[PDB]
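1. Here is my input; please provide its structure:
(5 chains)
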Amino acid sequence: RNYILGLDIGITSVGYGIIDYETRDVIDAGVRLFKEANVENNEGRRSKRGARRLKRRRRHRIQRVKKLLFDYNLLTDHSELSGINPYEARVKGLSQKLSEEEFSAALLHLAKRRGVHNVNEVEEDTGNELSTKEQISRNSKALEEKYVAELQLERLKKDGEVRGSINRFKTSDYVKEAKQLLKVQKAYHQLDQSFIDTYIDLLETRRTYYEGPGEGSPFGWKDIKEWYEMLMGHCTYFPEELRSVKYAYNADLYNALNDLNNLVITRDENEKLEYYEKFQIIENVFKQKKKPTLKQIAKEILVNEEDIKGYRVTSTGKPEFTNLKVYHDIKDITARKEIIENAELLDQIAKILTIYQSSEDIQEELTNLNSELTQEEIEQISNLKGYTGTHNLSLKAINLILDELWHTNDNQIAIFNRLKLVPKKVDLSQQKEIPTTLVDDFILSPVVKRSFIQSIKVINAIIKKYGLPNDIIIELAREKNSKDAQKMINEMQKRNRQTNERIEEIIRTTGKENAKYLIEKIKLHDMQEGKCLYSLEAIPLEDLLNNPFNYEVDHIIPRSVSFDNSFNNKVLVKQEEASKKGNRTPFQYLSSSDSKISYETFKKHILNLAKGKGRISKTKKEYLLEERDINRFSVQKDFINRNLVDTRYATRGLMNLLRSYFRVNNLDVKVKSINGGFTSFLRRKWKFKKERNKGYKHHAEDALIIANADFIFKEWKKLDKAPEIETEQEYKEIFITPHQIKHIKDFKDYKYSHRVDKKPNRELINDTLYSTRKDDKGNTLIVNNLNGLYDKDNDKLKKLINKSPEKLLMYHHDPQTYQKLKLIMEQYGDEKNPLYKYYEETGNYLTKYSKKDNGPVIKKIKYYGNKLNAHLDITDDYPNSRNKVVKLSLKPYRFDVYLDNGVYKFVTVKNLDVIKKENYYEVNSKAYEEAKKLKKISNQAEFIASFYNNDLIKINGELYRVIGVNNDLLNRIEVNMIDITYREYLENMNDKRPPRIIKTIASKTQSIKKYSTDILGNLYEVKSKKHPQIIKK
Amino acid sequence: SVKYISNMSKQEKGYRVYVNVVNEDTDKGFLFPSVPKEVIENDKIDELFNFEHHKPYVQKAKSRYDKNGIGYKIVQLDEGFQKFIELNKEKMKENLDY
RNA sequence: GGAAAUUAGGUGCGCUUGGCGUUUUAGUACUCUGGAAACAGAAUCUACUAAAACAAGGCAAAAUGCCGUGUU
DNA sequence: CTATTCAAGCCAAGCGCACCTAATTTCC
DNA sequence: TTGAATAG
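-> Residues are numbered from 1 along each chain as shown, chains lettered A, B, ... in the order given. Below is the structure in question.
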């Protein structure tokens, strides 16, 4: 049977709707569901990888200084360095003798904390904040007559501390101090120059971005040549050739000849430049002026500027011509013609200047050319700037067509046309199904990439089950992801400090659900320069934050006609202006008697904002100054036909992949895409309800609507192959037919597929280290910290003290400080944070009790937390530690259900238990058997099944998806529901229960079975193996 | 019912004219994007509603019709376009409408 | 829709660093006891400084040494 | 077991290439 | 959102 397939491709979901071509009945519908492939996951991986490298290399730096000190008998294994203050030793060493132990302590402290090297040229005015640039500048002015160690020791003596945000210095300042220290100590200790060079080397050296990591690294590379060539792209017309370097001589000559061949000259002779005039323009203007002007071109062929058209133009309007960069850079050093007129040599120089990244490597490789360059010229060439990036063509393509650029007037695309050279198309021949690998080339965002891979697998499963469709119709979601989302919660403004300290307090107070609207009104506020666009009255930022519901985001063209929900259709205006506007365009509204400004004033203010840098969009301007009557049906169908294409890059790439696939293998499938808002547009006119927290089915519903959309646009075109109101009534009639609408609303066999995750070596455990204590009963308790003690909204300390003051360690040790704290709690008990009120009223922080009032400020307070069960003991890393030191939250890999004497039990496998062997992973058998013994699982027990994240489990007849082991000791597992989240399930019932499903696997468990789905949601029960799997590849 | 001239704007292609048609319940606003000079200069009121207009915008009738929100003084359609221009010319200059 | 160029902006992969942060140990200050005082003892709370560990762990063996939270 | 409670490493600084968007000129 | 401890 013949069918139409609709797809709704989202961030977390792929909805599919399969409906009949003739009957228009729904054959099947469902949703494939998966985690968002957010970039923060990889960001975190590569961040942690980078943090491991820093830590390893700083340790290796310390050990190499330590070996230098051993080699010169300045350190032994018997050396005692404990009581030496290295600040005092560093200061005193700058002018007096240090003992061997003091000298070693000073050098080792310098080596551990050695400063930045790359901020050092940049200096800023102080804005008094957490920037390292500003702190380097403040410290550079504080060091004008002081060494680093001198300033640090003054901070230690006056303020009582050295470490922290203040402690950021330049490496070159540590080097100055280290040289003065070594200059003094060489008079008193037996060192040589090799000591000084080796130590200063260890102190200042680090790797460069182009050197990368040491030998053996999968992330590394053997030389700069390999590094750059693997990064750089390939030619458009010769895809096995690497691109030319951007500023190669022949590439800029190619650009210049393209610029000249696109000129049209108003004169009695030829409209186009002939060869010898191009020769004279290259040799007399482009090889004489660094930035050529139109006046110099016109003077060289003896016309005036207005007789010349066709030139590229700046945004200012000034004419733009190719600059001959290497020619003029090498020319200012050297005008010898055996250098400057060797095009091949200039290309080689430009390649070397672009690939290699330092002056010394430039000089070595330029010297290795064995040219007629002098050494003094090579040293000046090596310091040229700007040699970065690639041209989009290879030199093969450029040098292939350069002669025809000289002696014809054709530009590059005409010449590649005449030569029958076409950009590369990827072969798709011996493929039984759509491969996911062609996604890897063209896509950029990881979220869209996962969605596309899942969309292709869904299409392949649909063609495999139902056969080939006649039409595939696709809608991609829009209007943000939840990634750039968070980047507006981080970026927050350009004018950061004084404003963003108070939006940060407003946004954090505000719940995460109803707070994206406010940041979008801020975005619109900044692009409208704080002006309501319908009254041209100022909107105060502060009033927008305290009273956001006094300012509305209005759709420029109404949703009833536009179906555009981007920033190009939305503006920020006052509530009463959006109310008086109503269902109108700005033209209709401002021309009435309801407006406070005229349309002409509005149009001038919009057209002046239409210009400039960071300008308002062209489609925004076209919406704002729409003058047609949007109530007329021809205009409405113009808005539909114009804005249904989905012009976006990812969509075009997916359509080209699919159309190429069906074209190559002789499959007649028409594939079309519609834009985002359009289906919601159709539901707004088919009376589909606003409340759609009724589960994941709304994704499959949208896919069903997308499939019937195809019918509407075929029956329109047979209508346009053709007494006005009757015709409008036939377009509007077949647009509005509710026959299929009730057929979708009554559908009730939706299927759901949740993607299962079985990857090993995910996060093993939480980073935070915890100390512990023993009580009188011998229980081991975790010690927790209260910080942010003076934050205004922090009531944690108050609730703890009023409920259970004995939990504070201070309560038992130092009860006089506790009394001070209790007094503040009494005095400001009605406030949310009493220490904040204390600080505000008194200007002081709480100090530790002392009789002379010289007690230290208290900034975090320890209390006795929960009993220690599940943990990783790391105490061995901390020698002579009086208590256990732990990490917590043992992340679970899977649980294995057993049936033992009529009682269901399970073994948890932790990510910690899954060990990487040669080319695979192995469940730890010793940990697995200790788990079986802990759970009293006998050898007579039957293995039932293994359950991973999002495996389906049926417990006591009810089917759930697995989250993970909640509690191994108490046999608890967390699950969620399959057609809906449990949160939404309870909110539909108006139920206040906590939205987590915990199940206890024990004697009240009557039945456990494992199910599974294919990618389309078809359920099947799994026959599990006899044994739990040990190896994962 | 009373017809008011509420808003005008001199364009190159004639003038733009807004007319409010008001009874005790409703305000029906008619936007005439381009009425020619031959009608405006000679007060030919009776020809105005022959010209193309946008769909009328219906809203609740206002309590008074003295001036619009831009500041122009509202004139009854029977009084003519020249009365509207004469009363409002200077403010129309201020608001780029003349 | 596709090709090239100029400018501004954005995203991603990967590389190189900094200062923090958590925790232990030691010293010092703080509290308590003895004492005229150096000092000694107790307490391990609060802070500062140093040294060390920081996904469990796996390589390697003087080395600007390497790998371990991503995707499929 | 049900309902609750607790808390979960961070921000600043620089570089290579790839890709995308927006504006402009020519052609296919 | 999730490991997981706790009061009842």
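
2. what number of residues lie near residue A:608?
-> Residues near residue A:608, counting by other CB atoms under 10 Å in any protein chain shown, number 11. Backbone N, C-alpha and C define where each C-beta goes, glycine included.

3. Tell me if I'm right that residue B:68 and residue B:9 touch.
-> No. Using CB atoms under 8 Å, residue B:68 is not in contact with residue B:9, being 12.0 Å away.

4. can you give me the strands in the stretch 301-450 of chain A?
-> A:308-309 (DSSP state E, counting those that start in this stretch).

5. got the residues of it near DNA strand D?
-> By the rule CB under 7 Å from any atom of the strand, the part of the stretch 301-450 of chain A lying against DNA strand D is A:309-313, A:315, A:354, A:357, A:388-390, A:410-411, A:413-414, A:417, A:442, A:444.

6. Tell me which of these fall in helices.
-> Mapping these onto helices (DSSP state H) picks out A:354, A:413-414, A:417, A:442.

7. and those, which two are the farthest apart?
-> A:354 and A:417 (29.8 Å; CB to CB).

8. ok, which of the residues of the stretch 301-450 of chain A next to DNA strand D also contact RNA strand C?
-> Restricting those to those within reach of RNA strand C (CB under 7 Å from any atom of the strand) leaves A:312, A:315, A:411, A:413, A:444.

9. Return the members of the residues you listed classed as buried.
-> residue A:411 (16 or more other CB atoms under 10 Å in any protein chain shown).

10. Let me have the ones next to RNA strand C among the residues of the stretch 301-450 of chain A next to DNA strand D in TSV, extended by distance to residue A:244.
-> Listed next are these as TSV, based on distance: CB to CB, whole Å:
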residue	distance to residue A:244
A:312	20
A:315	27
A:411	18
A:413	17
A:444	24
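
11. Which one of the ones next to RNA strand C among the residues of the stretch 301-450 of chain A next to DNA strand D is nearest to residue A:837?
-> Using CB to CB, residue A:444 is the member of those that sits closest to residue A:837, with 50.7 Å.

12. interface residues of the stretch 601-750 of chain A facing chain B?
-> A:601, A:604, A:627, A:629, A:631-632 (CB under 8 Å from any CB of the partner chain).

13. no no, chain A
-> Residues of chain A that fall close to chain B, judged by CB under 8 Å from any CB: A:582-584, A:588, A:591-601, A:604, A:627, A:629, A:631-632.

14. let's see 7 Å
-> With CB under 7 Å from any CB of the partner chain as the criterion, chain A meets chain B at residues A:584, A:588, A:591-601, A:604, A:627, A:629, A:631.

15. Just the buried ones from those?
-> Using 16+ other CB under 10 Å, the buried ones in these are A:584, A:588, A:591-601, A:629, A:631.

16. Now render the ones in helices among the residues of the stretch 301-450 of chain A next to DNA strand D as TSV, adding distance to residue A:136.
-> Listed next are these as TSV, based on distance: CB to CB, whole Å:
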residue	distance to residue A:136
A:354	31
A:413	50
A:414	55
A:417	56
A:442	42
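
17. Name the member of those with the most neighbours.
-> Counting neighbours by other CB under 10 Å, residue A:354 leads those with 20 neighbours.

18. Which residue, neighbours along the chain excluded, lies closest to the one residue in the stretch 901-1033 of chain A that gets nearest to RNA strand C?
-> Residue nearest to RNA strand C within the stretch 901-1033 of chain A: residue A:912 (5.2 Å; CB to the nearest atom of the strand). Among residues not flanking residue A:912 along the chain, residue A:764 sits closest, at 5.4 Å (CB to CB, 6 or more residues apart in numbering or on different chains).
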